Amino acid sequence: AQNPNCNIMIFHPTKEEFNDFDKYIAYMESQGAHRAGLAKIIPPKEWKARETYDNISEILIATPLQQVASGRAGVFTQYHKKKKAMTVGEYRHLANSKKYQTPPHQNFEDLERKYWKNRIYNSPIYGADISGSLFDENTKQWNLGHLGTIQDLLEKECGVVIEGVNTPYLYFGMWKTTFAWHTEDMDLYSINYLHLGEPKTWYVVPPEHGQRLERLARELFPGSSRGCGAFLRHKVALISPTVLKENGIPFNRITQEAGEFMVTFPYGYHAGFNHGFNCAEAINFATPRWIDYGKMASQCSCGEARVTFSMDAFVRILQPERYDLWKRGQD
Ligand SMILES: O=C(O)CNC(=O)C(=O)O
Ligand SMILES: [Mg+2]
Ligand code: NI
Ligand SMILES: [Zn+2]
């Protein structure tokens, strides 16, 4: 069995290997990359996502989210307070202000220490989940707005034609902006490209050990667990590496820099934080290997997780028993 310790693998495809996205994902899995839950892909040196980022400041962040924490430094939840709209140029200036800027630090490890020590005492503002793309239309390789759609994958594998669409999302981050522990909707893959700016640190649990993380989360967030049998779908809970180590939960960590792709694999729980002002683009995708994960994915029916139009069909076709209850949650 390849990669039996479930280490995060890093790939350096050549320009020729970067042509066929599906084939390269299948290659990485042949080497065991999925066992970690997360892989890094460094694009060939010839490739670029677009020519420059000099003209992005007029993108609108219609609903910036202030991420307010509650709990203790290593075990906390965050809620998202909606703020007034601002442009990317306004948000960059805000990120760079004395109130929000990255503190002086020695290296990524020192910054990581400072994040876990101090995150809860601040409320950084995240421009998350903005439909759109920064890939140039002429970028033909690994262009996250030109991928094969999940609806077309389900149709190719299972024969059933369904409604729905699959488009990318932009994320504008600042120091301490945080993504809570989660798997993707319907335990899909994700791909994330860091277009510009400061790094993003990731934590990930191997898919084969995801239920260990769930059990810990039920112990650490006991009211939330009674409220919902899949409350990590709410995407609000954080658990530090120190706490994970104290409770024996297998995980790994890596830092993504500008110009790098990350892939998350089905049922790979992940969480992380931004080091400073940055912009990422991410989208869900599927392969044939996902279908079995999609059929088994948990679901939130308490009403909190509220998701896209396109997840309806996935539930309806892959999980017809759960459909009725899940749709009640959505309505
Ligand atoms: O970058 C972020 O804030 C969160 N991204 C993801 O969870 C992802 O790409 O799957
Ligand atoms: Mg602009
Ligand atoms: Ni994710
Ligand atoms: Zn729920």
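Peer 1: Could you give an account of the coordination of the nickel ion (ligand 3), with specific residues and numbers?
Peer 2: Looking at the nickel ion (ligand 3), the protein donor atoms are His182 (NE2), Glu184 (OE) and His270 (NE2), and they sit 2.0 to 2.2 Å from it. Sequence positions of the residues that donate to the nickel ion (ligand 3) give the spacing H-x1-E-x85-H. Here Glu184, found in the loop between β9 (178-182) and β10 (189-197), pairs with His270, found in strand β15 (residues 270-274); they are 86 residues apart in sequence, far enough to count as distant. Take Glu184: its relative accessible area is 12%, and that puts it in the buried class. Given the relative accessible area of 2%, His270 is considered buried.

Peer 1: Describe helix α2 (residues 88-95), and please don't skip the residues or the numbers.
Peer 2: Taken together, the buried positions of α2 are occupied by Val88, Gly89, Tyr91 and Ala95. Projected onto a plane normal to the axis of α2, the buried residues spread over an arc of 160° and lie on a single side. On the buried face of α2, the contacting elements are β3 (60-61), β6 (86-87), β7 (125-131) and β8 (169-173).

Peer 1: I'd like a rundown of the coordination of the zinc ion (ligand 4), residues and numbers included.
Peer 2: Protein coordination at the zinc ion (ligand 4) comes from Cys228 (SG), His234 (NE2), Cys300 (SG) and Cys302 (SG), with a distance range of 2.1 to 2.4 Å. Angles of 101 to 115° at the metal separate the 4 donor atoms of the zinc ion (ligand 4), which places the site in the tetrahedral class. When the donor residues of the zinc ion (ligand 4) are listed from N- to C-terminus, their spacing reads C-x5-H-x65-C-x1-C. On the criterion of sequence distance, the pair formed by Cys228 in the loop between α6 (222-227) and β12 (237-239) and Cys302 in the loop between α8 (290-296) and α9 (311-318) is long-range, its members being 74 residues apart. On the basis of relative accessibility, which here comes to 38%, the residue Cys302 falls in the partly exposed class.

Peer 1: Lay out the UniProt feature "binding site: Zn(2+)" in the protein chain in plain terms, naming residues and giving numbers.
Peer 2: The UniProt feature table records "binding site: Zn(2+)" at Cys228, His234, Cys300 and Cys302. A maximum C-alpha distance of 9.9 Å places the annotated residues, which cover 75 residues in sequence, within one compact spot. Accessibility expressed as a relative area gives 6% for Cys228, which makes it buried. Residue contacts for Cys228: discarding those within four places in its chain leaves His234, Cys300 and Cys302. The residue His234 is located in the loop between α6 and β12 in this model. Judged by relative accessible area, which is 23%, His234 ranks as partly exposed.

Peer 1: Outline the packing of aromatic side chains, supporting the account with residue identities and numerical values.
Peer 2: Evaluation of the coordinates by the stated rule reveals 31 aromatic pairs. Here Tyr24 and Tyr27 contribute two aromatic rings whose centre-to-centre distance is 5.5 Å and whose plane-to-plane angle is 45°, an arrangement assigned as tilted. Remark: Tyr27 and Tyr24 occur in helix α1 (residues 21-30); sequence separation between them is 3 residues, near one turn of the helix. Their ring planes at 75° and their centres at 6.3 Å tell us that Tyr115 and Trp175 sit as a pair that is edge-to-face. Taken as a pair, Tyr115 in helix α3 (residues 108-118) and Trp175 in the loop between β8 and β9 lie far apart in primary sequence, 60 residues in all. Each member of the pair, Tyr115 together with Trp175, is buried. Here the basic side chain of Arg50 rests over the ring of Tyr53, its NZ or CZ set 5.9 Å away from the ring centre. The ring of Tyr100 is capped by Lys99, whose NZ or CZ atom sits 5.7 Å from the centre of that ring.

Peer 1: Can you break down the site of ligand 1 residue by residue, with the values?
Peer 2: Surveying the vicinity of ligand 1 reveals the residues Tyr126, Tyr171, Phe179, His182, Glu184, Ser190, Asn192, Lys200, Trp202, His270 and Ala282. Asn192 is positioned with one of its side-chain polar atoms (N or O) 3.0 Å from an oxygen atom of ligand 1. Within the side chain of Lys200, an N or O atom sits 2.9 Å from an oxygen atom of ligand 1. Contributing elements (two or more residues each) for the shell around ligand 1: β9, β10 and β11 (200-204). Residue composition of the shell around ligand 1, by class: 5 nonpolar, 4 polar and 2 charged.

Peer 1: Describe in detail the environment of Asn7, supporting the description with residues and values.
Peer 2: With respect to the helices and strands, the residue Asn7 is situated in the segment before β1 (9-11). Taking relative accessible area as the criterion, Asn7 reaches 38% and is therefore assigned partly exposed. With 63 residues separating them in the primary sequence, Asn7 and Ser70 have C-alpha atoms 32 Å apart. Look past the residues within four positions of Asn7 in its chain and what remains in contact with it is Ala36 and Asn252.

Peer 1: Just give me the short version of the pairing of β7, but keep the residues and values in it.
Peer 2: With 5 of 7 residues buried, β7 lies mostly within the body of the structure. Summarising the sheet, strand β4 (residues 65-72) and β7 pair through 2 bridges and their orientation is antiparallel. Each residue of the ladder has a partner; that of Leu65, found in β7, is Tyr126. The sheet contact formed by β7 and β8 spans 3 bridges and is antiparallel. Bridge pairing in β8 places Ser131 opposite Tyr169.

Parameters at a glance
- Residues numbered from 1 in each chain as written, not as in the entry; some residues may be left out.
- Chains lettered and ligands numbered in written order.
- Heavy atoms only, no water.
- Residues with missing side-chain atoms left out of burial classes, pairs and counts.
- Donors = N, O, S within 2.8 Å, 3.2 Å for Na, K, Ca; no water.
- Helix = DSSP H or I, 4+ residues; strand = E, 2+ residues; numbered from the N terminus.
- Buried < 20%, exposed > 50% of the residue type's maximum accessible area, 1.4 Å probe, protein only.
- Arc of directions from axis to C-beta.
- Contact = heavy atoms within 4.5 Å.
- Tetrahedral: all angles 85-135°; square planar, octahedral: opposite > 155°, others 65-115°.
- UniProt positions renumbered as here; feature names shortened; annotations may be inferred.
- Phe/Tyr/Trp six-rings, centres within 6.5 Å; stacked < 30°, edge-to-face > 60°.
- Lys NZ or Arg CZ within 6 Å of the ring centre and 35° of its normal.
- Near = heavy atom within 4 Å.
- Polar contact = N/O pair within 3.5 Å; in protein donor to acceptor, adjacent residues only side chain to side chain.
- Nonpolar A, V, L, I, M, F, W, Y, C, P; charged D, E, K, R; others polar.
- Pairing = 2+ DSSP bridges.

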